[PDB]
Amino acid sequence: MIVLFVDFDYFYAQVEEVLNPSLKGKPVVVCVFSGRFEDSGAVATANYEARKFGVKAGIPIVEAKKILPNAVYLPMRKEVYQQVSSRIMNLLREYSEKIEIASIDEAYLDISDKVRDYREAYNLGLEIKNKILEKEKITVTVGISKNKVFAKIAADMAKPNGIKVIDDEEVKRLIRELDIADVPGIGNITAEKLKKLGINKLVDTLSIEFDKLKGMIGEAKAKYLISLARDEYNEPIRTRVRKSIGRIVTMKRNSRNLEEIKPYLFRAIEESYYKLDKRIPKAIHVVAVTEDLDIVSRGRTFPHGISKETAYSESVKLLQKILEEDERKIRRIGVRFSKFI
DNA sequence: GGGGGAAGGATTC
DNA sequence: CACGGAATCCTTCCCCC
Ligand SMILES: Nc1nc2c(ncn2[C@H]2C[C@H](O)[C@@H](COP(=O)(O)OP(=O)(O)OP(=O)(O)O)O2)c(=O)[nH]1
Ligand SMILES: [Ca+2]
Ligand SMILES: [Ca+2]
Ligand SMILES: [Ca+2]
């Protein structure tokens, strides 16, 4: 099977440039301001001219200002990036019908019935890249291989604005050279666990007894690594469906006062419903980020849909259940709706 | 012994 | 000093055949 993976370069920042080309060349950082003070918040992402100095997704906006005081700092405009993404995805949907939109800027295309041998795939790659650069003026990186995982790894090795192919032979070389940490799905928590098992390469997962790999990282992940090691990973590409909609917000100050948190929670609910489109959820979860960046949630499933009146009422009850079972102060509050009809 | 929810936590991207 | 949207997986409790 031949899988082509696409991943837009420094997406949010690159969109901000396209919309104001006068930004190209200068350091661009897209921020999410929490409003706890002037520049409280984090970096959603930044362009290469900024990333080369350490400014990247996840760090505090303040840290970023210490490093690049003169960089251009723009507030994150999610709705806009979302549309630019949709237009591109619609464009990809014309090079293949079997498409899986993994994230706001990732997509896997199954082009097995559109080509043969990696030569035409590469060409189909430059075709897509050129097309996207023409109609939306966005640069993307392409990855091509036998399955979704290897297609993604390929892209990573080819960024930025690149394209690469990992053939059935190149793959065999990766199973022994690739750090188990650079495999998708293996974050820091899992990378260290596999380290204590003497698993530094994908192939090394074949040495341990399955029963103790499972004991360390769970069955799912275990069978996952083993499959990629035996070159037996072959997950189908397919339309993924939104199964959850929600909204979280940060409060000016950490609180425990129910009447103090409510207005925030109610704002989360109001946006969540507008976002719901016209979907009827039967489950609702209240999510709170406590004072020490720890997450705690409480929810309920109903035998019928949830009107907005019911969401309001139940959310307050669920928040109360949280303050009563956790002594910590609340920093962030939000709601999540699921189990749509 | 075991299926399927539901709930709350844990990780990853 | 650190935001957010959402998917998947895990352990536990449960009701009960
Ligand atoms: N709000 C928020 N957005 C994030 C975060 N991490 C990534 N994103 C955004 C950044 C991009 O706009 C989009 C895709 O992220 P990627 O990991 O693919 O990196 P990016 O697109 O920045 O460029 P790259 O792949 O490194 O060339 O998702 C995050 O921590 N918070
Ligand atoms: Ca990207
Ligand atoms: Ca991406
Ligand atoms: Ca990693």
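Residues numbered from 1 in each chain as written, not as in the entry; some residues may be left out. Chains lettered and ligands numbered in written order. Heavy atoms only, no water.

On to the UniProt feature "binding site: Mg(2+)" in chain A, then. Per the UniProt annotation, the sites labelled "binding site: Mg(2+)" are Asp7 and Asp105. Over a stretch of 99 residues, the named residues converge on one spot in the fold, their C-alpha atoms separated by at most 5.7 Å. Of the annotated set named above, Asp7 and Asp105 line the second largest pocket. As for its placement among the helices and strands, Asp7 is situated in strand β1 (residues 3-8). Judged by its relative accessible area of 7%, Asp7 is buried. When near neighbours in sequence (up to four residues on either side) are disregarded, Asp7 contacts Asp105, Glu106, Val140, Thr141 and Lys159. Tracing the sequence through the fold places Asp105 in the loop between β5 (99-103) and β6 (106-110). Ignoring any residue separated from it by four or fewer positions in sequence, one finds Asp105 in contact with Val6, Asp7, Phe8, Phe11 and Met89. (UniProt positions renumbered as here; feature names shortened; annotations may be inferred. 1 Å grid on protein atoms, 1.4 Å probe; cavity = no way out; pocket = protein on both sides within 12 Å on 5 of 7 lines; lining within 4 Å. Helix = DSSP H or I, 4+ residues; strand = E, 2+ residues; numbered from the N terminus. Buried < 20%, exposed > 50% of the residue type's maximum accessible area, 1.4 Å probe, protein only. Contact = heavy atoms within 4.5 Å.)

So, about the domain arrangement of chain A. Domains assigned within chain A are domain 1 (2-10 + 78-166), domain 2 (11-77), domain 3 (167-233) and domain 4 (244-336). Here the C-alpha centre of domain 4 lies 37 Å away from the C-alpha centre of domain 3. (Domains from an automatic or database assignment.)

Take the pattern of salt bridges next. Summed over all chains, the structure comprises 23 salt bridges. Its salt-bridge partner being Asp168, residue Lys146 comes within 3.3 Å of it at the nearest N-O pair. Placement of the pair is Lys146 in the loop between β7 (140-145) and α6 (148-158) and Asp168 in helix α7 (residues 168-177), with a sequence separation of 22 residues. Across the pair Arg300 and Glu314 runs a salt bridge whose closest N-O atoms are separated by 3.4 Å. Separated by 14 residues along the polypeptide, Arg300 in strand β11 (residues 295-301) and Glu314 in helix α12 (residues 308-325) bring together distant segments of the chain. Accessibility expressed as a relative area gives 9% for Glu314, which makes it buried. When salt bridges that share partners are traced, they join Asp292, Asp294, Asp326 and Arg328 into one network. (Salt bridge = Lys/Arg side-chain N within 4 Å of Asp/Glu carboxyl O.)

The next point concerns the protein's contact with DNA strand B. Of all residues adjacent to DNA strand B, which total 16 residues, the nearest are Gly185, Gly187, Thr190, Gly299 and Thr301. Of all atoms in DNA strand B that approach within 4 Å of the protein, 100% are sugar or phosphate atoms. Within the backbone of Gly187, an N or O atom sits 2.8 Å from a phosphate oxygen of DNA strand B. Elements supplying a minimum of two residues to the surface near DNA strand B: α8 (188-195) and β11. Here the surface near DNA strand B takes six residues from β11, the largest share from any one element. Residue classes in the surface near DNA strand B are distributed as four nonpolar, seven polar and five charged. (Near = heavy atom within 4 Å. Polar contact = N/O pair within 3.5 Å; in protein donor to acceptor, adjacent residues only side chain to side chain. Nonpolar A, V, L, I, M, F, W, Y, C, P; charged D, E, K, R; others polar.)

A few words now on the nonpolar core. By size, the foremost hydrophobic cluster in this structure holds 37 residues, and its most contacted members are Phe11, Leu92 and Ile144. Contributions of two or more residues to this core are made by β1, α1 (11-19), β2 (28-33), α4 (78-92), β6, α5 (117-135), β7 and β8 (163-165). Here this core gets six residues from one element, more than from any other, and that element is α4. Each of two domains, domain 1 (2-10 + 78-166) and domain 2 (11-77), supplies a minimum of three residues to this core. Residue contacts for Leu92: discarding those within four places in its chain leaves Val6, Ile99, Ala107, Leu109, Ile128 and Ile132. (Core = buried A, V, L, I, M, F, W, Y, C linked by side-chain atoms within 4.5 Å.)

Once that is clear, we can look at the site of ligand 1. The full set close to ligand 1 counts 14 residues, and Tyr10, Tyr12, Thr45, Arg51 and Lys159 are the nearest of them. Between ligand 1 and the protein, one listed contact pairs an oxygen atom with a side-chain N or O atom of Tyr48 at 2.9 Å. Between ligand 1 and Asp105 there is a distance of 3.4 Å, counted from an oxygen atom to a side-chain nitrogen or oxygen. When atom positions are compared with the pocket grids, ligand 1 is found to occupy the second largest pocket. Only β1, α1, β3 (41-46) and α2 (48-51) provide two or more residues apiece to the shell around ligand 1. When the residues that make up the shell around ligand 1 are grouped by side-chain class, the tally is eight nonpolar, one polar and five charged. Structurally, the shell around ligand 1 is a two-domain feature, drawing no fewer than three residues from each of domain 1 (2-10 + 78-166) and domain 2 (11-77). (Sits in = over half its atoms within 2 Å of the grid points.)

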